[PDB]
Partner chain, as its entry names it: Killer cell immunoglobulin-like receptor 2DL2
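Let's start with one chain on its own, the form solved without the partner chain, as C-alpha cells.
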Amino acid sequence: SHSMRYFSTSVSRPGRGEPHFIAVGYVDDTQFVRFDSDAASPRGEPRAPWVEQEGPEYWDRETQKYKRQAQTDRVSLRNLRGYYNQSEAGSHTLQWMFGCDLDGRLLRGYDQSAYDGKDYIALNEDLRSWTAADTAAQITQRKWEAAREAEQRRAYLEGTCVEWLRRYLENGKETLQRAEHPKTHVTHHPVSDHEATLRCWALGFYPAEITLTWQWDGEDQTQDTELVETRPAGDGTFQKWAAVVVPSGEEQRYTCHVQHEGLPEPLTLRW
C-alpha cells in the first residue's frame, strides 16, 4: 500500500507584513517537493532523485500553484479572523493536509484543515459531505456546498492524484518499493545495587512503521516500558528504541520483540 500526501501551513504576522506559506509533499514516507514563501527565490524544488527529470515547465506549473494557494490562504485568515470576531494584533495558523491512498487500486482520499491547532473543517470519507467543528466552520460548509466544492476535490483525489502517484512509483521503484529491515542490538545500564535498564534498539529501517515490545518470560510488559518517538536518521531511514527497568540478576528472563514490514517474521532478542 502506497500514498501521496501534502501538508500546507500559513502563519499570519500582524504588523510584520503578509503571512508565511510553506508546503511539503510526500510519497509514503519519502518527501520530494517543497515551497517556502520566505525563501530568497520562492519556487518548488525537488527533494528526491525521481522528480529531478520532470521538465522545467512542469516545475512552473507546480510553482504557479504553490503561489496560488498562498494567496488563497491570505484571504482565509482574514475571513477566519472575522468569523471568530478576533482582534487584528494576533498571529494565527491555518493548516491543510490531503492525499490519496490507493492491489494497486484506489482506496480512500482525505482532506482536512485546522485553525490555530484545533480541528476546523474536513472532507468526509465519502468525499461528498463535510464535517464542521463549530458555527464558524458552518459558514465555510455553506459556501463549499453551494459552490459544489466537494466534487472538484473528488475529481483530483480519485483522478489526477492517483495518476501521478502511480507514476512516481515507477520512476523511483528502486527506493520507493523496497523495504529496509531494522538492525537491532541490546544494551544494559545498571542504575543502583538492584536495578538495571535494558534498551532494545531499532536502526536503519524503512518504512517508519514499527512495533517494539518487552516481555518477561513470554508475557507482555508495558507497566515499565519507556518508548520514544520514531525519529528520522536524516538519510531516508528511521530509528526507535524501547527501555525497560528490571531487577539485577533477572535480565536473562526478558525478551524484546520487533515487528516490521521488511522482516520475514517477528524478531526475538535477548541481552
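Numbering follows the first chain given and starts at 1.
What follows is about the form deposited with the partner chain bound, which we do not show.
In terms of contact with the partner chain in the bound PDB entry, the residue from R108, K143, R166, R128 that brings a heavy atom within 4.5 Å is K143. Proximity to the partner chain in the bound PDB entry, defined as a heavy atom within 4.5 Å, holds among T175, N124, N79, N171 only for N79. Highlighted residues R68, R74 and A147: every one comes within 4.5 Å of the partner chain in the bound PDB entry, counting any heavy atom. The partner chain in the bound PDB entry comes within 4.5 Å of no heavy atom belonging to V191.
Contact annotation: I139 falls within 4.5 Å of the partner chain in the bound PDB entry, judged by heavy atom distances.
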